[PDB]
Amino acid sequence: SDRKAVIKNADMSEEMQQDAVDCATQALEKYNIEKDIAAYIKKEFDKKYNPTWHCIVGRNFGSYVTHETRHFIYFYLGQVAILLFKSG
């Protein structure tokens, strides 16, 4: 990978943040379409860190969400922005 990871806003353990970056790297190598990248990441996080996660992947969006404490990350990987958080 030559993609630069830049974590913009996180409320999350360091190991979980690293796992989000690693998971997104695998998603981007397999899939080109944003919704497919998002589904890969969401499903992995549901498995490793319990339901219920939600994932948005894109180049132009804003958001207002509610998340469980310690289960939120917003980061860039290359030119793609990724929002990943747990609620409900």
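In case it trips you up, residue 1 is the first one in the sequence shown, and so on.
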Exercise. 23-31 versus 55-63: which one carries the higher mean Cα B factor per the record?
Worked result: 23-31
Problem set entry | B-factor third for the C-alpha atom of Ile7 within its chain | highest
For this session: Select lowest, middle or highest to describe the third in which the CA B-factor of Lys48 falls within its chain in this entry.
Result: highest
For this session: Compare the C-alpha B factor of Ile73 with those of the other modelled residues in its chain, then answer lowest, middle or highest third.
Result: lowest
